Amino acid sequence: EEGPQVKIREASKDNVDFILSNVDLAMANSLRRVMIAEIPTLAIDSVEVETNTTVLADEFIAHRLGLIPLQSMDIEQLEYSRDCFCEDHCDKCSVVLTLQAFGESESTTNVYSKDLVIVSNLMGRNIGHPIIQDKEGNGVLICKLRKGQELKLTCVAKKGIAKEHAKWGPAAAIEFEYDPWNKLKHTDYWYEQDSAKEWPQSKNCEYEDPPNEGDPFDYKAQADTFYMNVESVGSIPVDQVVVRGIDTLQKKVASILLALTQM
Amino acid sequence: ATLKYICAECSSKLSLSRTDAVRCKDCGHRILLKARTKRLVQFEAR
Amino acid sequence: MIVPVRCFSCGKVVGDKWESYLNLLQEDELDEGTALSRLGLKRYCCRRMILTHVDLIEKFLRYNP
Amino acid sequence: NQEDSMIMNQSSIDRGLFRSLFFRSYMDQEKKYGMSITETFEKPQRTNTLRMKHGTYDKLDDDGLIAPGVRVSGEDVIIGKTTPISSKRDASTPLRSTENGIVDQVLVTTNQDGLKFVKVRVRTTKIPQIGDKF
Amino acid sequence: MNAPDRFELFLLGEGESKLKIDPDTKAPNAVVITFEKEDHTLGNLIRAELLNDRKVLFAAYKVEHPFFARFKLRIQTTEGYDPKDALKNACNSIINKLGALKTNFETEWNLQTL
Ligand SMILES: [Zn+2]
Ligand SMILES: [Zn+2]
Ligand SMILES: [Zn+2]
């Protein structure tokens with residue numbers, strides 16, 4: 001089908017290794033940035049501390065709380081509180097989580113992301129459930145407690161983008177390479193005796209034909225074939241990090257087209 | 001549970017008028033820490 | 001003072017991996033580098049996160065109050 | 001990042017890189033001398049006084065002290081005290097004009113002389129900003 | 001303390017408008033477009049597409065200061081061709097490329113196993 005082309009090399013719940021051909025580098029990169037910064041997610045944006053006899057500071061705990069990945073599957077059915085007509089927050093624009101933990105045992109008591117309890121009405125939307133990729137099913141150690149120790153708090157998880165705070169990135173590293181053979185001459189290699197001998201060969205070199213020494217420089221050539229690998233934090237499935245990345249970018253171009261109309 | 005002052009030594013919840021000096025009831029230590037508010041503190045998880 | 005959630009550089013969740021790492025070291029008697037790799041901590045930014053972490057919380061939990 | 005500047009990653013700062021806690025303890029005692037003349041830890045009002053700071057005294061409880069967990073900023077009076085002038089004279093302690101944070105721990109004890117003496121610990125979390133040194 | 005709110009990166013202020021079109025003073029058929037609350041993501045992508053147009057004589061973007069989200073786009077077109085129309089086609093071309101990609105990735109994804 002028509003323009004840009006995709007070829008999936010590897011795929012799992014956590015990653016997609018794919019080849020993006022018949023595309024401009026401006027597009028490949030704009031797409032790359034959108035997956036990092038602009039795909040909406042759900043994360044803890046407010047913590048009310050009832051009890052903290054823990055060894056860690058309120059704001060230190062509150063910080064890590066925001067860093068816990070939360071289900072963001074059905075995120076477009078949730079409003080940004082700023083657009084929501086409620087006073088403050090509500091089920092149309094937020095998810096409410098509860099955290100009550102006490103040191104019952106003489107041995108150390110660990111507090112996990114599995115211990116947050118959804119207290120608001122999710123209205124059948126797949127949202128707010130802490131992401132657990134742990135084998136023991138605990139996921140994310142928030143805190144540790146001693147005997148008399150207690151932590152009682154309430155969380156308001158809201159919709160947002162990494163551009164506002166990194167906690168909202170469905171993100172994780174985006175492996176990105178083009179022209180593994182430097183045929184384009186986009187980089188001048190630093191060497192001592194031999195750049196070829198001194199620079200390790202890219203795994204992507206198998207997927208491309210070597211330049212061949214008896215050939216003059218291809219001055220007219222342009223980059224089109226981007227070897228990418230998108231890693232997912234958990235909040236959104238990999239296919240979605242890319243699909244919503246495409247969708248978001250498409251959307252923000254449409255807002256320009258609509259802006260031209262308005263004036 | 002009208003918490004005013006906790007003992008720094010034994011974690012005993014207690015309280016007394018400025019006419020009852022410092023000290024702890026059933027510990028005797030003169031340390032004492034003030035009780036956390038009930039006002040409740042709100043944080044942005046950033 | 002407790003495993004950071006997420007690697008500072010890339011954002012990979014690391015806060016769920018600490019206990020598993022200690023077990024890999026102790027129970028399985030593995031080396032730190034293979035322990036890190038078994039956890040799926042492939043890049044060095046994610047590797048420094050865990051290998052370099054100092055868990056002072058254990059020390060703090062020792063104070064009787 | 002020229003002439004000794006540096007470019008720091010905001011995203012890694014959001015994840016906690018080089019973030020730190022800051023604590024500041026403020027101290028006070030009820031007087032130095034006076035057989036009948038003793039300073040008092042209390043929340044001061046009128047009583048002719050007028051030598052007040054304000055900086056709202058409004059975060060103080062009846063003992064003249066703020067409870068741990070209250071947010072303090074500006075010149076909010078953190079310890080309320082009066083000198084008996086024979087009516088009251090203000091001896092209250094404001095939070096450092098430029099500082100802000102949450103009251104962390106409030107210690108009420110006695111000195112070897114039998115002096116009601118207090119220590120107030122305030123807590124700020126400092127996140128890496130533009131003119132910060134590394 | 002003197003830090004702006006992070007929403008100021010992507011949220012328009014009261015008084016601010018997305019696009020602000022100014023006629024260029026230095027050349028005929030040239031226009032300068034200030035894009036508010038947008039960075040390199042939109043700027044690079046648009047500038048690149050405008051160069052793909054044979055009736056586009058000039059296309060460049062710049063983000064004058066990193067502190068502010070805004071960028072400026074300069075378009076010069078062929079006599080008869082309006083810069084706003086050139087920006088329009090560039091946008092639709094991007095949208096049609098993005099649409100094509102979404103489907104092509106979705107098709108590929110479905111063939112996968114894991
Ligand atoms: Zn609402
Ligand atoms: Zn006691
Ligand atoms: Zn990393």
# chains A, B, ... in the order shown; residues from 1 in each chain; ligands from 1
call {"tool": "residues_around", "arguments": {"residues": "residue 23 of chain E", "least_positions_apart": "6", "cutoff": "10 Å", "atoms": "only C-alpha atoms", "output": "PyMOL selection string"}}
result
chain E and resi 29-33+74-75+83
call {"tool": "interface_residues", "arguments": {"of": "chain B", "to": "chain D", "cutoff": "9 Å", "atoms": "only C-alpha atoms", "output": "PyMOL selection string"}}
result
chain B and resi 5+8+18+21-23+30-41+46
call {"tool": "residues_around", "arguments": {"residues": "residue 99 of chain E", "least_positions_apart": "3", "cutoff": "9 Å", "atoms": "only C-alpha atoms", "output": "JSON, numbers by chain"}}
result
{"A": [246, 247, 250], "E": [94, 95, 96, 102, 103, 104]}
call {"tool": "interface_residues", "arguments": {"of": "chain A", "to": "chain E", "cutoff": "7 Å", "atoms": "only C-alpha atoms", "output": "ChimeraX atom specification"}}
result
/A:1-8,11-13,26-27,30,33,164,243,246,250,253,257,259
call {"tool": "write_last_selection", "arguments": {"atoms": "N, CA and C atoms", "output": "mmCIF file, in the first residue's frame"}}
result
data_model
loop_
_atom_site.group_PDB
_atom_site.id
_atom_site.type_symbol
_atom_site.label_atom_id
_atom_site.label_comp_id
_atom_site.auth_asym_id
_atom_site.auth_seq_id
_atom_site.Cartn_x
_atom_site.Cartn_y
_atom_site.Cartn_z
ATOM 1 N N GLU A 1 0.775 -1.240 0.000
ATOM 2 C CA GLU A 1 0.000 0.000 0.000
ATOM 3 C C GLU A 1 0.829 1.326 0.000
ATOM 4 N N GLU A 2 0.631 2.119 -1.081
ATOM 5 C CA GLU A 2 1.177 3.453 -1.418
ATOM 6 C C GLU A 2 2.565 3.921 -0.874
ATOM 7 N N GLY A 3 2.563 4.888 0.049
ATOM 8 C CA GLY A 3 3.771 5.513 0.584
ATOM 9 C C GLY A 3 4.684 4.691 1.476
ATOM 10 N N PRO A 4 4.887 5.140 2.735
ATOM 11 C CA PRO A 4 5.810 4.435 3.652
ATOM 12 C C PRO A 4 5.542 2.949 3.848
ATOM 13 N N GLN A 5 6.614 2.151 3.963
ATOM 14 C CA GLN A 5 6.553 0.690 4.115
ATOM 15 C C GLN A 5 7.194 0.165 5.407
ATOM 16 N N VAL A 6 6.539 -0.816 6.061
ATOM 17 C CA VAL A 6 7.010 -1.439 7.303
ATOM 18 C C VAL A 6 7.285 -2.929 7.095
ATOM 19 N N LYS A 7 8.343 -3.447 7.742
ATOM 20 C CA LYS A 7 8.748 -4.848 7.745
ATOM 21 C C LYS A 7 9.152 -5.184 9.174
ATOM 22 N N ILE A 8 8.302 -5.922 9.921
ATOM 23 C CA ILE A 8 8.582 -6.302 11.313
ATOM 24 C C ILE A 8 9.567 -7.496 11.414
ATOM 25 N N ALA A 11 9.143 -9.058 17.230
ATOM 26 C CA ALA A 11 7.976 -8.548 17.945
ATOM 27 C C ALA A 11 7.659 -9.362 19.187
ATOM 28 N N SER A 12 7.434 -8.652 20.307
ATOM 29 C CA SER A 12 7.037 -9.182 21.612
ATOM 30 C C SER A 12 6.095 -8.157 22.254
ATOM 31 N N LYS A 13 5.601 -8.426 23.490
ATOM 32 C CA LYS A 13 4.722 -7.527 24.260
ATOM 33 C C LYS A 13 5.475 -6.235 24.608
ATOM 34 N N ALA A 26 12.885 13.182 7.962
ATOM 35 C CA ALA A 26 12.127 14.150 8.753
ATOM 36 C C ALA A 26 10.928 13.451 9.365
ATOM 37 N N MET A 27 10.284 12.547 8.598
ATOM 38 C CA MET A 27 9.149 11.760 9.063
ATOM 39 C C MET A 27 9.568 10.732 10.107
ATOM 40 N N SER A 30 10.468 12.690 13.289
ATOM 41 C CA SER A 30 9.267 13.291 13.906
ATOM 42 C C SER A 30 8.448 12.216 14.598
ATOM 43 N N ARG A 33 10.435 11.142 17.847
ATOM 44 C CA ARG A 33 10.176 12.136 18.899
ATOM 45 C C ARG A 33 8.755 12.012 19.488
ATOM 46 N N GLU A 164 5.432 17.265 29.448
ATOM 47 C CA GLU A 164 5.112 17.946 30.704
ATOM 48 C C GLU A 164 5.906 17.328 31.877
ATOM 49 N N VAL A 243 1.475 2.978 16.686
ATOM 50 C CA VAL A 243 0.182 3.346 16.075
ATOM 51 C C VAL A 243 -0.329 4.698 16.616
ATOM 52 N N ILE A 246 1.913 7.437 15.328
ATOM 53 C CA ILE A 246 1.505 7.818 13.973
ATOM 54 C C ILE A 246 0.263 8.699 14.055
ATOM 55 N N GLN A 250 -0.174 12.695 12.969
ATOM 56 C CA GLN A 250 -1.233 12.921 11.984
ATOM 57 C C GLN A 250 -2.166 14.005 12.498
ATOM 58 N N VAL A 253 -0.741 17.647 12.683
ATOM 59 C CA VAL A 253 -0.580 18.260 11.360
ATOM 60 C C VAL A 253 -1.966 18.782 10.982
ATOM 61 N N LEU A 257 -3.767 22.508 9.583
ATOM 62 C CA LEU A 257 -4.689 22.570 8.457
ATOM 63 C C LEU A 257 -5.970 23.258 8.925
ATOM 64 N N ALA A 259 -6.109 25.214 11.630
ATOM 65 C CA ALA A 259 -5.757 26.564 12.062
ATOM 66 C C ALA A 259 -5.781 27.553 10.877
#
call {"tool": "residues_near_ligand", "arguments": {"ligand": "ligand 1", "cutoff": "6 Å", "atoms": "only C-alpha atoms and all ligand atoms", "output": "VMD selection string"}}
result
chain A and resid 81 84 86 89 to 90 92 to 93
call {"tool": "residues_near_ligand", "arguments": {"ligand": "ligand 2", "cutoff": "8 Å", "atoms": "only C-alpha atoms and all ligand atoms", "output": "list in words"}}
result
residues 7, 8, 9, 10, 11, 12, 23, 24, 25, 26, 27, 28 and 29 of chain B
call {"tool": "write_last_selection", "arguments": {"atoms": "C-alpha atoms", "output": "JSON list (two decimals), in the first residue's frame"}}
result
[["chain", "number", "residue", "atom", "x", "y", "z"],
["B", 7, "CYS", "CA", 7.79, 10.62, 72.98],
["B", 8, "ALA", "CA", 11.06, 10.71, 71.01],
["B", 9, "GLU", "CA", 12.22, 7.67, 73.02],
["B", 10, "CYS", "CA", 9.32, 5.14, 73.34],
["B", 11, "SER", "CA", 6.91, 6.37, 70.55],
["B", 12, "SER", "CA", 4.24, 6.90, 73.25],
["B", 23, "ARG", "CA", 9.23, 14.59, 80.32],
["B", 24, "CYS", "CA", 7.38, 11.34, 79.31],
["B", 25, "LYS", "CA", 4.59, 9.42, 81.15],
["B", 26, "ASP", "CA", 5.85, 5.79, 81.58],
["B", 27, "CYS", "CA", 9.43, 6.28, 80.12],
["B", 28, "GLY", "CA", 10.56, 9.50, 81.88],
["B", 29, "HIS", "CA", 12.64, 10.83, 78.96]]
call {"tool": "interface_residues", "arguments": {"of": "chain A", "to": "chain D", "cutoff": "12 Å", "atoms": "only C-alpha atoms", "output": "count of residues only"}}
result
32
call {"tool": "residues_around", "arguments": {"residues": "residue 37 of chain C", "least_positions_apart": "3", "cutoff": "12 Å", "atoms": "only C-alpha atoms", "output": "ChimeraX atom specification"}}
result
/C:17,21,24,30-34,40-44,46-47,50-51
call {"tool": "write_last_selection", "arguments": {"atoms": "C-alpha atoms", "output": "JSON list (two decimals), in the first residue's frame"}}
result
[["chain", "number", "residue", "atom", "x", "y", "z"],
["C", 17, "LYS", "CA", 14.09, -5.77, 39.45],
["C", 21, "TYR", "CA", 18.80, -9.17, 41.25],
["C", 24, "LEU", "CA", 20.24, -13.93, 41.14],
["C", 30, "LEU", "CA", 25.72, -15.61, 39.29],
["C", 31, "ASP", "CA", 28.02, -12.70, 38.47],
["C", 32, "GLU", "CA", 26.61, -9.10, 38.43],
["C", 33, "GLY", "CA", 26.98, -8.79, 34.61],
["C", 34, "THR", "CA", 25.04, -11.99, 33.87],
["C", 40, "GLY", "CA", 16.93, -7.78, 30.62],
["C", 41, "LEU", "CA", 19.11, -4.77, 31.50],
["C", 42, "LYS", "CA", 20.85, -4.68, 28.09],
["C", 43, "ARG", "CA", 22.05, -1.06, 27.85],
["C", 44, "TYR", "CA", 24.67, 0.45, 30.12],
["C", 46, "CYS", "CA", 20.03, 0.62, 32.77],
["C", 47, "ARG", "CA", 22.99, -1.46, 34.00],
["C", 50, "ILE", "CA", 21.15, -1.36, 39.52],
["C", 51, "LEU", "CA", 24.88, -2.25, 39.79]]
call {"tool": "decode", "arguments": {"residues": "segment 94-121 of chain D", "atoms": "C-alpha atoms", "output": "mmCIF file, in the first residue's frame"}}
result
data_model
loop_
_atom_site.group_PDB
_atom_site.id
_atom_site.type_symbol
_atom_site.label_atom_id
_atom_site.label_comp_id
_atom_site.auth_asym_id
_atom_site.auth_seq_id
_atom_site.Cartn_x
_atom_site.Cartn_y
_atom_site.Cartn_z
ATOM 1 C CA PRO D 94 10.138 33.782 60.851
ATOM 2 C CA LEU D 95 11.170 31.264 58.177
ATOM 3 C CA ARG D 96 14.175 32.455 56.088
ATOM 4 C CA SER D 97 12.658 35.141 53.770
ATOM 5 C CA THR D 98 13.855 33.386 50.602
ATOM 6 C CA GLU D 99 13.129 29.774 51.736
ATOM 7 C CA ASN D 100 10.019 27.497 51.513
ATOM 8 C CA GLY D 101 9.153 23.817 52.326
ATOM 9 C CA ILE D 102 7.204 21.520 54.676
ATOM 10 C CA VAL D 103 7.683 21.394 58.493
ATOM 11 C CA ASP D 104 9.433 18.032 58.955
ATOM 12 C CA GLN D 105 9.976 17.392 62.756
ATOM 13 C CA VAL D 106 9.303 19.737 65.770
ATOM 14 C CA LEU D 107 11.342 18.991 68.901
ATOM 15 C CA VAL D 108 10.145 20.246 72.302
ATOM 16 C CA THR D 109 12.618 19.564 75.107
ATOM 17 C CA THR D 110 14.306 21.114 78.155
ATOM 18 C CA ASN D 111 17.799 22.591 78.657
ATOM 19 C CA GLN D 112 20.036 21.619 81.681
ATOM 20 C CA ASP D 113 18.838 24.887 83.371
ATOM 21 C CA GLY D 114 15.158 23.776 82.986
ATOM 22 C CA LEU D 115 14.585 25.993 79.924
ATOM 23 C CA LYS D 116 11.674 25.059 77.572
ATOM 24 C CA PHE D 117 13.643 24.916 74.328
ATOM 25 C CA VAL D 118 12.628 24.144 70.782
ATOM 26 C CA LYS D 119 14.129 22.967 67.450
ATOM 27 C CA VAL D 120 12.034 23.180 64.191
ATOM 28 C CA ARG D 121 13.204 21.161 61.142
#
